[PDB]
Structure formats: structure tokens, C-alpha cells
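Here is how the chains run, residue by residue.
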Amino acid sequence: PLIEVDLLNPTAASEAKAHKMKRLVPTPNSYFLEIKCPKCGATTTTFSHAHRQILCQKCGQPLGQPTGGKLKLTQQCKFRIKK
Amino acid sequence: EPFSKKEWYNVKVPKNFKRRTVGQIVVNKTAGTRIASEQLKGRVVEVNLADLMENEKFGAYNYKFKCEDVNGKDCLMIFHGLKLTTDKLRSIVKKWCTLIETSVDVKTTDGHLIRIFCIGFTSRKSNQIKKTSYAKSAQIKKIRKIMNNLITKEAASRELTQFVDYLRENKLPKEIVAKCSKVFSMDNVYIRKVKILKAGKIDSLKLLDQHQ
Amino acid sequence: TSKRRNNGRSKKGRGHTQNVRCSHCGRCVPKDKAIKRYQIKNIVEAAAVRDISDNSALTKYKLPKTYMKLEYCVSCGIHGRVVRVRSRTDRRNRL
RNA sequence: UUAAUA
RNA sequence: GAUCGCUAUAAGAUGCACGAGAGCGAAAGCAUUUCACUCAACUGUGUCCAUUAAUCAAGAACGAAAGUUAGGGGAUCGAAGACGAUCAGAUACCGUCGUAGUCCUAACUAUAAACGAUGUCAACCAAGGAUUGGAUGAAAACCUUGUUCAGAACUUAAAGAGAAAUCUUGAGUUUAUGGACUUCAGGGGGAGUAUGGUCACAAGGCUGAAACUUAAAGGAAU
């Protein structure tokens, strides 16, 4: 670009827009989360971009469907980000 | 004189249509081993649909009938096929859209076996900005399978006579658009041609039921 | 050398295209290179439209039109005045 | 429609 | 009893309009819709290995059309050929007929203006608008928008390069000359010819000079 920004201190917004690899220090866009079951109270921890059917550990209200890039959680499944 | 031996017969279409007489057909008078009622047995009469219904909202459809017997100077016709008018068929082919075509072989309840051709077109949208409106190969097959199954249910359940009168009502084209609109934006859906692959068995009483 | 950047064709990401026949010469030209024009005209000329409408047996029958797509080779497009030879700097205009 | 050469 | 008109048939071939500076493929090439069998690529990934990579004499698959061999098919068109015109002549252009061929199967052939006339891999790289296939937010599959990855392209440049035309997803970063590798060229003819070798049933293909002759031949632009 003709106009140039600092290459050591990129903004929070600028790094978020960039590709997951083309950042200053590459970081994954994925995360680990747990899903409370609709059927029971147990929380099953799983990858954000899981590539298989996600079942509860108790039963199996299947909690997610793998769809080419991110888990398709059911509309009644609530999750939080595991930090 | 060439026309000294010629006779004119009245043409009668079944009761399904508002107009019962469509014209006159010519045939030579009888001879030694040539009976006119025997000769008028494979004549196919083509008439527009804007004449059998006496309304010009049906004008872009040509209907064909064949003669099955001569009942005293009257040729009792039976339905032989339908086809879109040539001007209408070429007037609905837009350039920057996907054309969807299909054909189904359906056996009616009364025994007739017919072939039905359907045409469709991916459409624009109200807020569409990009010029082209194409569909992926997956969406085309989904749409074709829908219009293939939907047209079979409506045609196999009813006899040939009542199915044809159904085609006059826009229920089938309207229902196809309202059921393929969950896959892609379709606007023009027409049944361009209906054939009769195998003529089912008919009876004089059944024909008499078909003619008054 | 290269009079045109696209070599006079419309083929970019492929190696072969099917042939079409010139509507006037009968020549074989590739589908992209052919000069494609569309025509939509009434089946009755502007002089005779009044005559047909006078003595007609139909209530308000609307006269149909004819639609056909004409494809011309380069030689028969230039000769038939379908396209003209343009300026060196006006060749680039695509509108 | 036909129109070769210096 | 033609041309013309309607209705019926059975093979051959073809696949309009949709059809595009759109898609796929190593290239040649690929277009009626259904079902199988495959294959490749893009995107997504806190999955695995840990240098396995790039380019490659010899060597090997695929290689348009024409052509060859043997069956089937033989509709349309049509090298050869036969007529009729035109012309001074016409063995041609125009018209009519028409054999091989055009089509399928098996096996050869291995050549094209096989072209982007631009080798393969890699890094950096000025402003855009649009499009094809994904991922990801917003706005209720389709469509309108933000970001980002991959693909075929397009426009502007007072800049870089070049003999100029022009190139900008390079033909830029080169007398301030060196990122890696392979192939090819040395004025024009003679000539891709002769001979020798080798492949093919054949046509031909691959390798391939010399004698002699000549001050030019050639490229872009006014």
C-alpha cells in the first residue's frame, strides 16, 4: 500500500480482519467451548470446528453437526468460551 | 372440376371446451372401395386454445385432435396433444438466466400413457444488482427433481380428460414456482408440450361420455 | 504485431470451443469469435399491420414477433455493415 | 457478372 | 404425379436458443438428463509425518484434425472424379451429382499459427470496480453488504521496463549486471535438404550437415 501503517503494533481491528496466518504472530481463529446439554445439565467440551457428530457424555442429544468450517450447534444449545 | 367429388364434414371436440364446433374438414365422396367415414379416421386437426375457450388469455397454446368416428357428417374428436405456440416459446428464453428442462412419462388413471415436458427459468430478484442469475449444478438437479416429482403426482392421479382441463388452470405452474422458490428464484414455468406415447383403450360408450 | 490484446476472441480460461456456422457465408467460426447479434421483429411489416388489423376474424389478437439469433463470421460482419472498422484508439471501447 | 500485364 | 401440405414410421448423426472475455482439465480437449464408478482441486482444521522439496539429459504415459489396418454403420456434408456456367483460357472461385472420408469398436501414427508465438518453482510489488467457488459477521437456498482464501479476467498510471508496439497477477525489481534448474539461437539462403542412424504396414516422424552463393534479410513505428 502507498499509505503505510506501523508493522510492530497493529490495531486490534486490523489483526482481526487479516487472515489467520498473515497476522504479526499467527493465531488460530478457533477455540474450545463446552455445551450444556438440552437433556441434562452436563457440559461437554469440544472444538469449535469439530469434524464429527458431537454427543453428550450422558446421553446424546446430539449437540452439534459438522458443516465445513464450524460446528452447527442446535438452537437450544448454550455455550461459553473456555479461556 | 376437382371439387365436384368433395364433401365437408363438421368437426366436434369433446364437451370439455366452450366451443364445440371448430371448423369443417374436406374429404372426397365415397367410391367403390373407398368410404369417406373410413378415410376420415386418422385426420389430425390442430386448433388454438384461444378458440376452444373463446378467451384470448389462452392464446399461446395449440391443441391437436384426432378423429375416432364419423357420426353422420360429424367427426367426433379426441385429444391428441398440446404444444406451446412457437412465438411464445422463443419469447420466454432470457439470456443471463439458467434454463431448466425436464420430461416425464406418466401413466394416467384411465390407462393413457403420456409424456409431459416442462420448462423453467431462474429469475432475478427485487433487490438484485448483479447482472447474471445462474444456478449451481446442485441446485439445478434439486429443482428438476422437484418439478419431476410434483408434475407426476398431479398427472398420475387424474384421468387424461380431467388432467388436460387442469392444465388450463394455472395451479400446476403456480405450485411449481411456489415449491422451487425455496431452492432458487423461478419466474417462468410452462408446460411446453404434452404427447401421447401409447393410446389407451377407448370405448364408444366412453367416447359417447366424452361427447355429450 | 498484436492488433488486439484478446486476439479478437472471447476465450480466456480454456483451450477449445465448439464451432458455429455463419448465417450468411456458412463458414465455420468458433463460438466466441463469432459476431453474435439478436433480432426481434414482428411477422408483419409496418406497412401491412394496418391492413391485417382491418379485416381480421379475431377480437383483439395481438400480432406475434419473431426471435432469432444471427451469428456472422468476421468477413461477413464487416461486409454486411454489421460492424465497422474503427479508429486505433477507438477499438478499445467495449460499450 | 467480368477487370491480366508493364 | 415432382416442389408443396398433413399423418405415420426405422436407423445414422447431431446436441440450437440458455452459452458468457463463465467453469473444469497437464495439454490435446470437455455441452440433452438420470444412475453408478472414479478423480482432482478449493475452503475449514489446537489432526499426523518431519525435509520427504524444486528443476530435470537418458526413459515413460496422454497427444486436435488429417492419414493407415480390420470389422460395423453409411443420414448430412464431401479431398478425388463427372457435368453446367464465368473467362482469352479456368484443370478454380458459383451451381448439381458424387467415391475415399466424416460416425462407433480394437490397433497404429505422434504432427499443428499444438499460441499467451511469453519454460517450471519461489520472494517483493501503485490505485481500483466487477466476477466464479468457499469460510466468516450483519441484514429475512435465493438476494444486498463487511472481511478473508483460491481462480479466469478487466480499467487507470505523470511510475518501472523496452527499439517501439506494448507489458503491470510482468515482458517490473538488470552495466546499481548473480534466487534455483532445464531447453533453445548466433546475418540471409542452400535447408530441416543430402547422407548416416533409428522408429512406422505406409505416408512420414526424431537426429541432421557440407559445397557454393550473397550485403544485406529482418522487427516496431512516422
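Numbers on residues come from counting from 1 along each chain's written sequence, not from the entry itself, and any residue without coordinates is not displayed. Written order determines the labels here, with chains lettered from A and ligands numbered from 1. All values in this entry refer to the displayed chains, which constitute part of a larger assembly. The side-chain quantities take in all heavy atoms of the structure and omit both hydrogens and water.

- Deposited coordinates in this entry are attributed by the record to cryo-EM, at a stated resolution of 3.1 Å.

**A word on the packing of aromatic side chains**
Both the distance between ring centres and the angle between the ring planes are used here to describe each pair of aromatic rings.
Residues and elements named next belong to chain B.
Logical step 1: Centres within 6.5 Å are what make two rings of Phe, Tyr or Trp a pair, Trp counting through its six-membered ring; a difference in plane orientation under 30 degrees is then read as stacked, over 60 as edge-to-face, and the rest as tilted. Summed over the entire model, instances satisfying the criterion amount to six aromatic pairs over all chains.
Logical step 2: An aromatic cluster is present here, built from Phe17, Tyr63, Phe65 and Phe79 joined pairwise through their rings.
Logical step 3: Cation over ring: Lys131 sits above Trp96, and NZ or CZ is 4.2 Å from the ring centre. Should the NZ of a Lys or the CZ of an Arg lie within 6 Å of a ring centre and within 35 degrees of the ring normal, that charge is described as sitting over the ring.

**Things to note about the protein's contact with RNA strand E**
Logical step 1: Residue proximity to a molecule or strand is established when one non-hydrogen atom of the residue lies within 4 Å of it. Near RNA strand E there are 59 residues, and of these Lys22, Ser30 and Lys70 of chain A, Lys136 of chain B together with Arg5 of chain C occur at the shortest range.
Logical step 2: Each atom of RNA strand E within 4 Å of the protein belongs either to a base or to sugar and phosphate, the latter forming 67%.
Logical step 3: Under the rule applied, a polar contact is a pair of N or O atoms within 3.5 Å (in protein, one hydrogen donor and one hydrogen acceptor; residues adjacent in sequence only if both atoms are side-chain atoms). Contacts to RNA strand E include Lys130 of chain B, whose backbone N or O atom sits 3.2 Å from a phosphate oxygen.
Logical step 4: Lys136 of chain B is positioned with one of its side-chain polar atoms (N or O) 2.4 Å from a phosphate oxygen of RNA strand E.
Logical step 5: Breaking the surface near RNA strand E down by element, the ones donating at least two residues are β6 (99–107) and α4 (137–156) of chain B.
Logical step 6: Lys, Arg, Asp and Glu make up the charged group, whereas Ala, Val, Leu, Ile, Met, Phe, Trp, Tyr, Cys and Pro make up the nonpolar group; the residues left over, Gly among them, are polar. Among the residues forming the surface near RNA strand E, the class breakdown is 14 nonpolar, 23 polar and 22 charged. Starting at the N terminus, helices and strands are each numbered in turn, a helix being any DSSP run of H or I of at least four residues and a strand any DSSP run of E of at least two.

**Examining a nonpolar patch on the surface**
Residue and element names in this part refer to chain A.
Logical step 1: Nonpolar side chains collect at one region of the surface, where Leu2, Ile3 and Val5 lie side by side and expose about 420 Å² of accessible area between them.
Logical step 2: Here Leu2 is to be found in the segment before α1 (12–17).
Logical step 3: Relative accessible area decides the class of each residue, using a 1.4 Å probe on protein chains only: under 20% of the type maximum gives buried, over 50% gives exposed, and in between gives partly exposed. The exposure class of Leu2 is exposed, given its relative accessible area of 90%. Patch membership requires over 30% relative accessible area and the absence of a salt bridge. Like charges are linked within 9 Å, and nonpolar side chains (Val, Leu, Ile, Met, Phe, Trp, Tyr) within 5 Å. Residue exposure ignores everything except the shown protein chains as possible cover, and the areas themselves are Shrake-Rupley values with a 1.4 Å probe. Salt-bridge detection follows one rule: a side-chain nitrogen of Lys or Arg within 4 Å of a carboxyl oxygen of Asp or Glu.

**As for the sheet that holds strand β1 (residues 32–36) of chain A**
Residue and element names in this part refer to chain A.
Logical step 1: Pairing between two strands is assigned when DSSP locates at least 2 bridges connecting them. With antiparallel pairing, the three strands of this open sheet are ordered in space as β2-β1-β5. At either end of the open sheet lies a strand with only one pairing partner, and these are β2 (43–47) and β5 (79–81). Neighbour to neighbour, the strand axes of the sheet diverge by 30° on average, direction disregarded.
Logical step 2: As judged from the three bridges shared by β1 and β5, these two strands associate in the antiparallel manner. Bridge pairing links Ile35 to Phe79 in β5. The convention used is that axes are lines fitted to C-alpha atoms, helices contributing only their stretch in contact, and that angles between N-to-C directions extend from 0 to 180 degrees.

**Focus: the pairing of strand β4 (residues 61–70) of chain B**
Residue and element names in this part refer to chain B.
Logical step 1: Two strands pair when backbone bridges link them, and strand β3 (residues 44–48) and β4 are joined in this way by five bridges, in the antiparallel orientation. Its bridge partner being in β4, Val47 is matched across the sheet by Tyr63.
Logical step 2: Note that β4 and strand β5 (residues 74–84) share eight bridges and pair antiparallel. Opposite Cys67, over in β5, you have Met77 as the bridge partner.
Logical step 3: Two successive antiparallel strands, β4 and β5, enclose a turn made up of three residues, where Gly72 displays a positive phi of approximately 70°.

**Notes on the interface of chain C and chain B**
Logical step 1: Opposite the seven residues of chain C that make contact, chain B presents four residues.
Logical step 2: Between chain C and chain B, roughly 530 Å² of surface is buried when both sides are summed, and carbon and sulfur atoms account for 52% of that area.
Logical step 3: For the pair chain C and chain B, the number of links is zero salt bridges. It only takes one pair of heavy atoms within 4.5 Å for two residues to be counted as in contact. Throughout, buried area stands for the accessible area (probe radius 1.4 Å) lost by two parts on being put together, summed over both.

**Some thoughts on unusual backbone geometry**
Logical step 1: With phi around 70°, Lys73 of chain B is a residue other than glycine that occupies positive phi space.
Logical step 2: Its location among the elements puts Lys73 of chain B in the loop between β4 and β5.

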